[PDB]
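Undergrad: I need the structure of the sequence given here:
(one chain, ligands or ions: 1)
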Amino acid sequence: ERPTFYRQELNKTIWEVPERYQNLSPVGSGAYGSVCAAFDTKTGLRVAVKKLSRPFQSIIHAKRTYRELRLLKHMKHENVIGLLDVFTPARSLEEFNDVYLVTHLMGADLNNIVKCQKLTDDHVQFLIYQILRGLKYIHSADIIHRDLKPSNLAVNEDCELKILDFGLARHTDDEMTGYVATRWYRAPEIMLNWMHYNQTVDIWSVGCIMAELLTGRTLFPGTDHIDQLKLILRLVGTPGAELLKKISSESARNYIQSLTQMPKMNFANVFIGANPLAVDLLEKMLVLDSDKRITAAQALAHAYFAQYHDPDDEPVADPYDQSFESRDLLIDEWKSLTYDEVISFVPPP
Ligand SMILES: Cc1ccc(C(=O)NC2CC2)cc1-c1ccc2c(c1)NC(=O)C21CCCC1
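TA: Numbers count the residues shown, from 1 in each chain. Take a look at the structure below.
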């Protein structure tokens with residue numbers, strides 16, 4: 001059952017994929033990786049195929065490849081990107097040096113669709129419903145997206161949404177620097193490294209997406225980390241003494257206390273004309289103290305989603321075993337674990 005593969009040059013690299021995959025063409029400005037759209041003749045689905053190129057060139061690359069393939073194989077929810085196929089042209093471990101990952105092709109990301117545009121309330125309901133329903137799941141598997149922004153929500157022409165990139169986020173100093181969308185969605189505890197963080201960081205990010213869809217404006221379009229934080233504290237207010245205690249970075253805690261105290265603003269005088277149910281929800285997602293933000297499961301029950309909420313159709317995941325993260329292994333060792341996971345792979349129905 002080893003299929004026939006054919007060769008094609010795309011993205012200035014040779015792609016070698018099963019015959020079932022036809023009409024490959026690069027998508028994104030290169031924004032998503034080496035990703036091509038293709039037709040799967042075997043399932044009749046349009047798919048995105050991502051080739052990981054020379055993916056075991058270092059220990060850190062052999063472990064990312066493994067981590068992405070683990071994450072991907074774990075996720076089976078309508079609103080989360082998952083694997084329809086993984087393959088390699090390799091006939092053995094010896095020969096293993098390329099992994100291709102196949103998932104659904106939705107066609108665009110939220111970014112392209114809505115940039116600079118204000119969405120109607122029922123449109124925002126449905127898109128955020130799906131983000132929280134997707135995140136309910138992610139979070140139940142004990143995984144943290146950590147980098148939830150519009151560009152890595154994949155959306156089709158029916159405004160159906162799959163979340164991309166959960167658990168992989170590792171931007172450098174310079175990608176996070178200045179006036180850049182790659183930071184406008186980050187929870188302050190994470191942008192400024194205040195504490196040992198958990199999953200509540202992704203509900204902060206939904207709060208930012210949700211406000212932008214509702215007003216057509218970036219919520220916190222900071223020109224740098226500090227300017228962005230100043231933008232944050234002015235709306236939600238400066239930390240209380242409760243929160244300052246939980247800020248384990250003494251360094252960051254000391255700079256925070258430097259700032260002149262400000263009250264939390266009135267969200268109804270910010271989000272003028274907006275469904276009060278939207279504003280109530282914004283209010284409980286955009287709380288500075290991470291321990292007190294609303295959760296994905298709690299938010300799904302909120303009245304604002306009265307029209308979509310079904311408690312028996314909002315599933316959870318099995319646990320995700322990330323014990324491998326705390327493990328220091330050789331290149332061959334990650335490679336072999338990654339091989340194991342490819343050949344053991346089972347298609348969905
Ligand atoms: C092909 C692919 C493989 C993996 C991941 C991914 O999320 N990995 C991290 C979760 C571990 C995302 C895509 C990917 C990248 C870009 C797109 C799609 C899929 N599906 C799509 O529809 C698009 C192409 C049009 C914009 C979104």
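Undergrad: how about the residues of the stretch 101-250 of the chain near the ligand?
TA: 101, 103, 105-109, 154, 164-168 (Cβ under 6 Å from any ligand atom). Bear in mind the C-beta positions are built from the backbone N, C-alpha and C, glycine included.
Undergrad: need these in JSON lines (columns: distance to residue 231 and secondary structure).
TA: Formatted as JSON lines, these follow (distance: Cβ to Cβ, whole Å; DSSP: H, G, I helix; E, B strand; the rest coil):
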{"residue": "101", "distance to residue 231": "37", "secondary structure": "strand"}
{"residue": "103", "distance to residue 231": "35", "secondary structure": "strand"}
{"residue": "105", "distance to residue 231": "36", "secondary structure": "coil"}
{"residue": "106", "distance to residue 231": "31", "secondary structure": "coil"}
{"residue": "107", "distance to residue 231": "33", "secondary structure": "coil"}
{"residue": "108", "distance to residue 231": "28", "secondary structure": "strand"}
{"residue": "109", "distance to residue 231": "24", "secondary structure": "strand"}
{"residue": "154", "distance to residue 231": "28", "secondary structure": "strand"}
{"residue": "164", "distance to residue 231": "26", "secondary structure": "coil"}
{"residue": "165", "distance to residue 231": "24", "secondary structure": "coil"}
{"residue": "166", "distance to residue 231": "26", "secondary structure": "coil"}
{"residue": "167", "distance to residue 231": "27", "secondary structure": "coil"}
{"residue": "168", "distance to residue 231": "27", "secondary structure": "coil"}
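Undergrad: can you lay out these as a markdown table showing neighbour count?
TA: What follows is those, written out as a markdown table (neighbours: other Cβ atoms under 10 Å):
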| residue | neighbour count |
| --- | --- |
| 101 | 24 |
| 103 | 22 |
| 105 | 22 |
| 106 | 19 |
| 107 | 15 |
| 108 | 14 |
| 109 | 20 |
| 154 | 23 |
| 164 | 20 |
| 165 | 19 |
| 166 | 26 |
| 167 | 21 |
| 168 | 15 |
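Undergrad: flag every buried residue along the host helix or strand of residue 284.
TA: Counting by DSSP states H and E, the element that carries residue 284 is helix 276-285. Residues of helix 276-285 classed as buried: 278-285 (neighbour count, 16 or more other Cβ atoms under 10 Å).
Undergrad: which strands or helices does the longest helix along the chain pack on?
TA: When the chain is parsed with DSSP state H, its longest helix is helix 121-140. Helix 121-140 sits against strand 161-163, helix 201-215, helix 296-300, with contacts defined as 3 or more Cβ pairs under 8 Å, 6 or more residues apart in numbering; DSSP states H and E.
Undergrad: only alpha carbons, please: show the second one as PDB.
TA: Read it as helix 201-215. Extracted in PDB, the C-alpha atoms of helix 201-215 (Å, rounded to 0.1, in the frame of the first residue of the first chain):
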ATOM      1  CA  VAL A 201      -3.600  33.900  27.600                       C
ATOM      2  CA  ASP A 202      -5.800  32.800  24.700                       C
ATOM      3  CA  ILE A 203      -9.000  34.200  26.100                       C
ATOM      4  CA  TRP A 204      -7.300  37.600  26.200                       C
ATOM      5  CA  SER A 205      -6.500  37.300  22.400                       C
ATOM      6  CA  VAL A 206     -10.200  36.300  21.600                       C
ATOM      7  CA  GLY A 207     -11.200  39.600  23.400                       C
ATOM      8  CA  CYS A 208      -8.900  41.600  21.100                       C
ATOM      9  CA  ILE A 209     -10.100  39.700  17.900                       C
ATOM     10  CA  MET A 210     -13.700  40.200  19.100                       C
ATOM     11  CA  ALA A 211     -13.400  44.000  19.600                       C
ATOM     12  CA  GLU A 212     -11.700  44.400  16.200                       C
ATOM     13  CA  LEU A 213     -14.400  42.500  14.400                       C
ATOM     14  CA  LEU A 214     -17.000  44.600  16.300                       C
ATOM     15  CA  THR A 215     -15.400  48.100  15.500                       C
END
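Undergrad: that one to helix 121-140, inter-axis angle?
TA: On the basis of axes from the mean of the first three to the mean of the last three Cα atoms, to 10 degrees, helix 201-215 is oriented at 170 degrees to helix 121-140.
Undergrad: centre of the chain to helix 201-215, how far?
TA: When distances are taken as Cα atoms, centre = their mean, to the nearest Å, helix 201-215 is centred 13 Å away from the chain's centroid.
Undergrad: now do the shortest one
TA: Between the mean C-alpha location of strand 161-163 and the chain-wide mean there is a distance of 9 Å, by Cα atoms, centre = their mean.
Undergrad: which helices and strands does it pack with?
TA: helix 121-140, strand 153-155.
Undergrad: going by proximity to the ligand, name the top residue of the stretch 201-349 of the chain.
TA: Distances between the stretch 201-349 of the chain and the ligand by Cβ to the nearest ligand atom are smallest at residue 320, namely 11.5 Å.
Undergrad: wait, that residue sits on residue 141?
TA: Yes. Using Cβ atoms under 8 Å, residue 320 is in contact with residue 141, at 4.2 Å.
Undergrad: the two: which is more packed in?
TA: residue 141 (20 against 17; other Cβ atoms under 10 Å).
Undergrad: could you check how far the more buried one is from residue 167?
TA: Residue 141 sits 10 Å away from residue 167, going by Cβ to Cβ, to the nearest Å.
Undergrad: and the longest strand along the chain, which residues are buried?
TA: Counting residues, the longest strand in the chain under DSSP state E turns out to be strand 45-53. Neighbour counts over strand 45-53 (16+ other Cβ under 10 Å) mark 47-52 as buried.
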